[PDB]
Ligand code: SF4
Ligand code: SF4
Ligand code: SF4
Ligand code: SF4
Ligand code: NI
Ligand code: NI
């Protein structure tokens, strides 16, 4: 529940540097203190529970959503600002400080990751964290090493409880 | 000799201009696999944060070098395959056999485009292989410590390795098709049965794994000569199966060999116990085959110098002695490099081994499955070690109650790598458990796939040119690559069906063709029998193994030749520019894992053909993506007067990875748009792209108006409302009394305009 | 609309398993027709059904079917009726559960059960067809339909349909070059062949066999500034070789200097260019001074020893080469068929299937004179064959 740091096991490692295992309080503070955050959402949010949790999180702090993959149909009726973008493209665009963004107001400084695959988001973050200065917070089930801060390894119920506790502190 | 282009027999310096021109728009994006370099003993060096190692090479240079090494490895495995096959063919049939491919003015578009030569006999392919080797060697010399330092010349050398790979594939395919009696541009190739449920356990079963077909031809020659076709089953895994099913099949008669599956099936088949002997040649063969065959008493025979497998070399021994030794359990297999003796030993070994090993398999029984399922503790290691991220603990927990549906679902997604079993402290054969849970699906696993047709003839391309121009064929979709799929082997089938229903041209090859042919509709028909096998709209054609992928690319080259009269000889830059600016054709490797797929994708990119890869391909460490928001990136020259011309942002990538098959469908539909399309082609492409976007992403695309230059560039069914959307949301001025666009588009329509990326082709 | 409209439904086939009715068909009486009327003889957005409607039908039963469209506007003329009829087929296949086959009077219509349950009346289907026609051809600003369903009414319209079809055929056959003011230019293939310009006249059909003089007329009417346009002939520079000044300056303007002259009905004197899409290719035989024709569908060799692909690979790309010519099949039925070289009096070879297909074109006396591959397998054989039968060459 509250504990999202007791499991940071990995199968293979990218190198010495790894993301910090944070708690729900730290994650909520980091999300609520960002100057210009972007909610990068994969198709794993199509799970109904994760869907409404992500919608509530985006509504709470007015965070634009980048629905990578085929997760756009889960945001058509919800009153949020979600736009489609390829994750490999988005990761390429993030490293360019001259990219106007999804609304033309400039680049972002902090991204939030929820509902991806640990072998694809890690590959994108490999470029993002090495050729840019954008910080990443992973609120997903898996421990993402290539992020800046991430949750630990949690089960489905544990992940739902952690997301709830974040939403209450948002 | 005829007119020769500016670039015959290219080197690293000779193709640098075209590669840099391409990289100006489609910039390389590096996604490193590590933060360390482990090449020389100065290291391993940490390069995190784009830091440089002890040799001065930075992280970007290391990622580029790793991708370049992958590309040259793939190019070296088609070239070695091609050389070995060509040498065997010349030794058997002689080196003066005329090349027999079909009915086309240009026989070898890749060879003529790169080297400038016009081969006519099997002995004229020998020099091309010498060049393909020589340059290859130079390329490998760049992997050394202290060689190229910049990360852009590594990309240029990668593109050179890609085009060399395509040349080698073309050479190999031409040699084998000419010699071994493959179908010659046949739009009615025979249908062959595929699936694990096709092999019959009653008869002895031989399983051939690899890519080369030199020894398998001898095996099937012996089987036919001695009349054992009906008394023995022969099956193939990977592309060697396609090579058998094309062998002596220009008579359009159904064959007796059967395709078992892709690489992901290999271990599963071994765990089934159906094979009675496994003969391996070379590429794509699991390294733990003897380690299981010794448990299940399955002999392993190697037939290549590349893959000997640490086995005794009995090339000079008698076949009866080897059979006795294998029968008595002295050795689990042997290296038999003599093709004549191998072709007799393998069927005889199967015949003498089948009765002594019938009924032995690794599949657990009901009580054994119950015990194994009850043994688990749900520690989560198997899910961590699974490459496909499969919920194994949840499936096992559901199976504890008696709900074996979760493992049945997991069977399709699993690639049969057994990596989970090595991290289970309870020692549970998870792969065997999943196979037993999906026994029924495995039993009912059958399908039909059309045999390799060879290369596309000139007449079919000429017939389809009018369809492409008159806006009846939206574009060309190639579905190639490996079988490292993220969500099972059905995504390729779904994409192919979706694009075939919309009258695209679908060309398949490799393991993707096998996995497309494994699924049927309600009427019990596969796509191959649902759609014709010609090169036209609404047709799906199979070229064969990966060495036939060149034909796909080669077809594009002929589009530049037979339609615009362009010279092919040594003119890579011109033909590539034509293909990039005019031909709407996209490739798709949904499960690419091997270096061959990387080399094929890079070679396709250097020819101007964009490709979409599976999510796992993000581990290749390089993509080619354009900056759509940068309006200065999309500017070309006008060949009529040398003026500056504007083009719509399409294609927006050369290599990129999709995440789901719906996003892949949307991307493939979008990136078939070209600046040279007329009104009808643009209209049909926009219609299909917008419909697919609405179907799968649920919204209308945000940049569609970038491709609307004319009122006749809009879908017929949704023209007026799209005009209203253009007027209200953007301020375009529309003639509502004539349904015409008065003003607003940035790019005017001029069908006579000739966009080009090369300054030297203007005026 | 109750059903979706999209070209992706073109390949759908309504099998009898899901078929609800089979209108017209290959057994009963079926018809399609487009008529041109003045502006005061047409009421827009009108669908009239005579006899049973879709409600008064039986699942599995076949009923007589006759669609008659009254189209009208300002630029609409009777000669442009057939062009409209040609699209009917396509615009029926855009609908979801509707299947259309053949044309004229051999038509075949089928509706699926799923779409029958959605579109209760024949009215929305007709409205969708009309909107597709109006969007495709803007110059048609008034359209209405009549759907005849009884056998009596279908038989009543059948005679008028046959009479007007005969009249249309007579008209299109009688039209020639001197009885037209404009020659219609097409550059659609310039997407793939940057220097290819096509000129279409009543006596010179398009090399792809898809655009007639009337097709080009309608296309130029829709978009005068598009890839299809109208050019005035101007001075008659050569009647024998179909050379006009207008075509000359149009080629000079739109060919980027690749060629400054197009000579219609000529082979060795500034021949018409062709991109890649010939239904037929003509080649020279200089030993017999003859002309051979090979279609795209031929799978055999020629007396020259060359197939279709090898020969067609030496003509095209927009380059005005001499020695080969890409033509459509309907060019054989033209009285000005290569009239600058002798017409049929120079043809010495055709494949058997091509000869059977275009036998109507060859004159009766020369029908035996022309040699096929059923008798000639060489070039010496062709020489002896032309020697025995006394070919005009
Ligand atoms: S090649 Fe360069 S970066 Fe790699 S280990 Fe050697 S010195 Fe370090
Ligand atoms: S590794 Fe073995 S014990 Fe652990 S969860 Fe997986 S199957 Fe169960
Ligand atoms: S064998 Fe199958 S379930 Fe086990 S790790 Fe490999 S892919 Fe995953
Ligand atoms: S061949 Fe036909 S479609 Fe092509 S330009 Fe000529 S008339 Fe137009
Ligand atoms: Ni053409
Ligand atoms: Ni053409």
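Chain C is numbered as in Swiss-Prot; the shown residues are, in order, 4-396.
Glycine too: its Cβ is placed from the backbone N, Cα and C atoms.
According to Swiss-Prot:
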BINDING   C:189, C:192, C:278, C:280  [Ni-Fe-S] cluster binding site
On the three-state reduction of DSSP, what should I expect for residue C:192 ([Ni-Fe-S] cluster binding site)?
helix
For the binding-site residues C:189, C:192, C:278, C:280, return the ones with C-beta distance to chain B below 8 angstroms, or 'none'.
C:192, C:278, C:280
Name, in order along the sequence, the binding-site residues among C:192, C:278, C:280 with a Cβ closer than 8 Å to any chain A Cβ.
none
Please list residues from the chain of residue C:192 ([Ni-Fe-S] cluster binding site) whose Cβ is under 8 angstroms from its Cβ, counting only those at least six apart in sequence.
C:199, C:201, C:211, C:278, C:279, C:280
Do you know which of the binding-site residues C:189, C:192, C:278, C:280 end up with C-beta under 6 Å from ligand 5?
C:192, C:278, C:280
What residues, ordered by sequence, lie under 8 A Cβ-to-Cβ from residue C:189 ([Ni-Fe-S] cluster binding site) and sit at least six positions away in the same chain?
C:200, C:201, C:202, C:203, C:209, C:214, C:219, C:222, C:230, C:231, C:232
Including all protein chains displayed, how many Cβ atoms other than that of residue C:278 ([Ni-Fe-S] cluster binding site) lie within 10 Å of its Cβ?
31
Suppose we draw a 10 Å sphere around the Cβ of residue C:280 ([Ni-Fe-S] cluster binding site). How many other Cβ atoms does it contain, all chains included?
31
